[PDB]
Amino acid sequence: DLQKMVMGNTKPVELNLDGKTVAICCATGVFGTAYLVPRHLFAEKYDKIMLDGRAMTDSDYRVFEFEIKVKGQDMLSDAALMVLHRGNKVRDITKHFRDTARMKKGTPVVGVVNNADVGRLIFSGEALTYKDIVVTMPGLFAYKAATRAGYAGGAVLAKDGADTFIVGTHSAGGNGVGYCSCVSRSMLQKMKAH
């Protein structure tokens, strides 16, 4: 139920330069025309970006970054919010995110993907370590799972007890493990406010 709903908000992204696709990823709509995307990819410039087959230039949207204070050096989240000036509004799924949740090691984890490489697909694995999103792994959550380059931006769902919620978006992974960038509910509503 939650997976299908999220999948409906997930769109394929293709980033282009010199008329060549230099990278692909997923965009997870969270509300209005705002999408969570991989910051490492969107921190760069592109001649063009395709969202669900729609051609756009950077003048068709704005990207926001989240920074969280931590011991000595503050963390810049790999989860960014791309807000389009125009477009069909997605389902508001901000309520499916959390502010305090705890995931035990070995508990089920599900990734929601929709990209040009594999189309619409779900990857499942398990929490690699115990995790507390906290109202030493600031903003990050690791898991065992078979992931590919391009799954970044896709939503990761976990279990806060018998409760399933959206932890954040896949950032990277390889050889059986990966991690996502945690996005708290207050973070989204706060940025939404901005």
# chains A, B, ... in the order shown; residues from 1 in each chain; ligands from 1
call {"tool": "residues_around", "arguments": {"residues": "residue 190 in chain A", "least_positions_apart": "2", "cutoff": "12 Å", "atoms": "only C-alpha atoms", "output": "tab-separated table (two decimals) with N, CA and C atoms, in the first residue's frame"}}
result
chain	number	residue	atom	x	y	z
A	64	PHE	N	16.87	23.08	-3.32
A	64	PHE	CA	17.21	23.51	-1.97
A	64	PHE	C	18.01	22.44	-1.25
A	65	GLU	N	18.92	22.87	-0.38
A	65	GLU	CA	19.75	21.94	0.38
A	65	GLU	C	19.43	22.00	1.87
A	66	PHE	N	19.63	20.89	2.57
A	66	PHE	CA	19.40	20.83	4.01
A	66	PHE	C	20.75	20.63	4.70
A	81	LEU	N	15.84	19.05	-2.37
A	81	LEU	CA	14.47	19.23	-2.81
A	81	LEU	C	14.40	20.08	-4.07
A	94	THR	N	4.09	13.81	2.86
A	94	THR	CA	4.92	14.24	3.98
A	94	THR	C	4.57	13.57	5.30
A	183	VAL	N	15.37	11.90	5.94
A	183	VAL	CA	14.64	13.15	5.83
A	183	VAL	C	13.53	13.13	6.85
A	184	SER	N	13.66	13.97	7.87
A	184	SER	CA	12.65	14.03	8.93
A	184	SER	C	11.40	14.74	8.42
A	185	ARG	N	10.27	14.46	9.06
A	185	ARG	CA	9.01	15.08	8.67
A	185	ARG	C	9.09	16.60	8.86
A	186	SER	N	9.69	17.03	9.96
A	186	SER	CA	9.80	18.46	10.23
A	186	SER	C	10.70	19.14	9.20
A	187	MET	N	11.69	18.41	8.71
A	187	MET	CA	12.60	18.96	7.70
A	187	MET	C	11.80	19.34	6.45
A	188	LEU	N	10.97	18.41	5.99
A	188	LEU	CA	10.14	18.62	4.81
A	188	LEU	C	9.14	19.76	4.97
A	192	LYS	N	9.22	23.06	3.15
A	192	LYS	CA	7.97	23.33	2.44
A	192	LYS	C	7.61	24.78	2.75
A	193	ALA	N	7.70	25.13	4.03
A	193	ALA	CA	7.39	26.48	4.48
A	193	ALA	C	8.26	27.49	3.74
A	194	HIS	N	9.55	27.20	3.64
A	194	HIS	CA	10.46	28.10	2.94
A	194	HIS	C	9.96	28.33	1.52
call {"tool": "select_by_dssp", "arguments": {"residues": "chain A", "states": "helix (DSSP H, G or I)", "output": "list in words"}}
result
residues 2, 3, 4, 5, 6, 7, 8, 9, 39, 40, 41, 42, 58, 59, 60, 94, 95, 96, 185, 186, 187, 188, 189, 190, 191, 192 and 193 of chain A
call {"tool": "write_last_selection", "arguments": {"atoms": "N, CA, C and O atoms", "output": "JSON list (two decimals), in the first residue's frame"}}
result
[["chain", "number", "residue", "atom", "x", "y", "z"],
["A", 2, "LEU", "N", 1.81, 1.33, 0.96],
["A", 2, "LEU", "CA", 2.70, 2.48, 1.06],
["A", 2, "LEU", "C", 3.64, 2.50, -0.14],
["A", 2, "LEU", "O", 3.89, 3.55, -0.73],
["A", 3, "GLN", "N", 4.12, 1.32, -0.53],
["A", 3, "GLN", "CA", 5.03, 1.20, -1.67],
["A", 3, "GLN", "C", 4.38, 1.68, -2.96],
["A", 3, "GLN", "O", 4.98, 2.44, -3.72],
["A", 4, "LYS", "N", 3.15, 1.23, -3.22],
["A", 4, "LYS", "CA", 2.43, 1.62, -4.43],
["A", 4, "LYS", "C", 2.21, 3.13, -4.47],
["A", 4, "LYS", "O", 2.38, 3.77, -5.51],
["A", 5, "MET", "N", 1.84, 3.69, -3.32],
["A", 5, "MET", "CA", 1.60, 5.12, -3.21],
["A", 5, "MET", "C", 2.86, 5.92, -3.52],
["A", 5, "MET", "O", 2.83, 6.90, -4.27],
["A", 6, "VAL", "N", 3.97, 5.49, -2.93],
["A", 6, "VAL", "CA", 5.25, 6.15, -3.14],
["A", 6, "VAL", "C", 5.69, 5.99, -4.59],
["A", 6, "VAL", "O", 6.14, 6.95, -5.21],
["A", 7, "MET", "N", 5.54, 4.78, -5.12],
["A", 7, "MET", "CA", 5.91, 4.50, -6.51],
["A", 7, "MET", "C", 5.17, 5.45, -7.44],
["A", 7, "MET", "O", 5.72, 5.88, -8.46],
["A", 8, "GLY", "N", 3.93, 5.79, -7.09],
["A", 8, "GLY", "CA", 3.16, 6.70, -7.91],
["A", 8, "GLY", "C", 3.73, 8.12, -7.90],
["A", 8, "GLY", "O", 3.44, 8.90, -8.80],
["A", 9, "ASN", "N", 4.52, 8.44, -6.89],
["A", 9, "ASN", "CA", 5.14, 9.77, -6.76],
["A", 9, "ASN", "C", 6.58, 9.81, -7.31],
["A", 9, "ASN", "O", 7.17, 10.88, -7.44],
["A", 39, "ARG", "N", 21.43, 15.02, -3.95],
["A", 39, "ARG", "CA", 22.16, 16.27, -4.00],
["A", 39, "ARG", "C", 23.48, 16.17, -4.75],
["A", 39, "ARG", "O", 23.86, 17.10, -5.46],
["A", 40, "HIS", "N", 24.18, 15.04, -4.61],
["A", 40, "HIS", "CA", 25.47, 14.92, -5.28],
["A", 40, "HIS", "C", 25.35, 15.09, -6.79],
["A", 40, "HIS", "O", 26.28, 15.57, -7.43],
["A", 41, "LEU", "N", 24.20, 14.73, -7.35],
["A", 41, "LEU", "CA", 23.96, 14.88, -8.78],
["A", 41, "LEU", "C", 23.44, 16.28, -9.10],
["A", 41, "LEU", "O", 23.87, 16.91, -10.07],
["A", 42, "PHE", "N", 22.53, 16.78, -8.28],
["A", 42, "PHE", "CA", 21.97, 18.10, -8.55],
["A", 42, "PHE", "C", 22.80, 19.29, -8.12],
["A", 42, "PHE", "O", 22.39, 20.44, -8.31],
["A", 58, "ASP", "N", 17.54, 24.30, -16.13],
["A", 58, "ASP", "CA", 17.55, 24.71, -14.74],
["A", 58, "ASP", "C", 16.72, 25.96, -14.45],
["A", 58, "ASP", "O", 16.58, 26.35, -13.30],
["A", 59, "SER", "N", 16.17, 26.57, -15.49],
["A", 59, "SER", "CA", 15.34, 27.75, -15.29],
["A", 59, "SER", "C", 13.88, 27.34, -15.07],
["A", 59, "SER", "O", 12.99, 28.18, -14.95],
["A", 60, "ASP", "N", 13.64, 26.03, -15.01],
["A", 60, "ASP", "CA", 12.30, 25.49, -14.80],
["A", 60, "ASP", "C", 12.11, 25.01, -13.37],
["A", 60, "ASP", "O", 11.04, 24.50, -13.03],
["A", 94, "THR", "N", 4.09, 13.81, 2.86],
["A", 94, "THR", "CA", 4.92, 14.24, 3.98],
["A", 94, "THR", "C", 4.57, 13.57, 5.30],
["A", 94, "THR", "O", 5.44, 13.37, 6.15],
["A", 95, "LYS", "N", 3.31, 13.20, 5.47],
["A", 95, "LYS", "CA", 2.87, 12.55, 6.71],
["A", 95, "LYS", "C", 3.43, 11.13, 6.87],
["A", 95, "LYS", "O", 3.35, 10.54, 7.94],
["A", 96, "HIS", "N", 4.01, 10.59, 5.80],
["A", 96, "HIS", "CA", 4.55, 9.24, 5.88],
["A", 96, "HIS", "C", 6.02, 9.24, 6.27],
["A", 96, "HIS", "O", 6.65, 8.18, 6.34],
["A", 185, "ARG", "N", 10.27, 14.46, 9.06],
["A", 185, "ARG", "CA", 9.01, 15.08, 8.67],
["A", 185, "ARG", "C", 9.09, 16.60, 8.86],
["A", 185, "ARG", "O", 8.63, 17.36, 8.00],
["A", 186, "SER", "N", 9.69, 17.03, 9.96],
["A", 186, "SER", "CA", 9.80, 18.46, 10.23],
["A", 186, "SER", "C", 10.70, 19.14, 9.20],
["A", 186, "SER", "O", 10.49, 20.30, 8.86],
["A", 187, "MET", "N", 11.69, 18.41, 8.71],
["A", 187, "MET", "CA", 12.60, 18.96, 7.70],
["A", 187, "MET", "C", 11.80, 19.34, 6.45],
["A", 187, "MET", "O", 11.94, 20.45, 5.93],
["A", 188, "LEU", "N", 10.97, 18.41, 5.99],
["A", 188, "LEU", "CA", 10.14, 18.62, 4.81],
["A", 188, "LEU", "C", 9.14, 19.76, 4.97],
["A", 188, "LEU", "O", 8.99, 20.59, 4.07],
["A", 189, "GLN", "N", 8.45, 19.78, 6.10],
["A", 189, "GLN", "CA", 7.46, 20.81, 6.36],
["A", 189, "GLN", "C", 8.15, 22.16, 6.49],
["A", 189, "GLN", "O", 7.62, 23.19, 6.06],
["A", 190, "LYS", "N", 9.35, 22.15, 7.08],
["A", 190, "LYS", "CA", 10.12, 23.38, 7.25],
["A", 190, "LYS", "C", 10.52, 23.91, 5.88],
["A", 190, "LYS", "O", 10.29, 25.08, 5.57],
["A", 191, "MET", "N", 11.13, 23.06, 5.07],
["A", 191, "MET", "CA", 11.54, 23.46, 3.73],
["A", 191, "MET", "C", 10.30, 23.80, 2.92],
["A", 191, "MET", "O", 10.32, 24.71, 2.09],
["A", 192, "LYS", "N", 9.22, 23.06, 3.15],
["A", 192, "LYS", "CA", 7.97, 23.33, 2.44],
["A", 192, "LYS", "C", 7.61, 24.78, 2.75],
["A", 192, "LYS", "O", 7.27, 25.55, 1.85],
["A", 193, "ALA", "N", 7.70, 25.13, 4.03],
["A", 193, "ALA", "CA", 7.39, 26.48, 4.48],
["A", 193, "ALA", "C", 8.26, 27.49, 3.74],
["A", 193, "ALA", "O", 7.76, 28.52, 3.27]]
call {"tool": "closest_residue", "arguments": {"among": "A:49, A:37, A:26, A:17", "to": "residue 77 in chain A", "atoms": "only C-alpha atoms"}}
result
A:37
call {"tool": "closest_residue", "arguments": {"among": "A:97, A:176, A:92, A:140", "to": "residue 32 in chain A", "atoms": "only C-alpha atoms"}}
result
A:92
call {"tool": "residues_around", "arguments": {"residues": "residue 70 in chain A", "least_positions_apart": "5", "cutoff": "10 Å", "atoms": "only C-alpha atoms", "output": "VMD selection string"}}
result
chain A and resid 75 136 138
call {"tool": "select_by_dssp", "arguments": {"residues": "range 3-193 of chain A", "states": "strand (DSSP E)", "output": "ChimeraX atom specification"}}
result
/A:10-17,20-31,34-38,48-51,54-56,61-64,67-68,75-76,79-84,102-103,108-115,119-127,131-132,140-144,155-159,164-174,177-182
call {"tool": "atom_distance", "arguments": {"atom1": "CA of residue 174 in chain A", "atom2": "CA of residue 125 in chain A"}}
result
13.0 Å
call {"tool": "residues_around", "arguments": {"residues": "residue 179 in chain A", "least_positions_apart": "6", "cutoff": "12 Å", "atoms": "only C-alpha atoms", "output": "PyMOL selection string"}}
result
chain A and resi 78-79+109-111+125-129+131+137-147+151-157+167-173
call {"tool": "residues_around", "arguments": {"residues": "residue 50 in chain A", "least_positions_apart": "2", "cutoff": "6 Å", "atoms": "only C-alpha atoms", "output": "PyMOL selection string"}}
result
chain A and resi 13-14+53-55
call {"tool": "closest_residue", "arguments": {"among": "A:117, A:178, A:100, A:105", "to": "residue 12 in chain A", "atoms": "only C-alpha atoms"}}
result
A:117
call {"tool": "atom_distance", "arguments": {"atom1": "CA of residue 86 in chain A", "atom2": "CA of residue 20 in chain A"}}
result
24.8 Å
call {"tool": "closest_residue", "arguments": {"among": "A:121, A:101, A:107, A:112", "to": "residue 133 in chain A", "atoms": "only C-alpha atoms"}}
result
A:101
call {"tool": "closest_residue", "arguments": {"among": "A:36, A:93, A:30, A:177", "to": "residue 123 in chain A", "atoms": "only C-alpha atoms"}}
result
A:177
call {"tool": "closest_residue", "arguments": {"among": "A:162, A:15, A:25, A:106", "to": "residue 56 in chain A", "atoms": "only C-alpha atoms"}}
result
A:15
call {"tool": "atom_distance", "arguments": {"atom1": "CA of residue 164 in chain A", "atom2": "CA of residue 24 in chain A"}}
result
27.4 Å
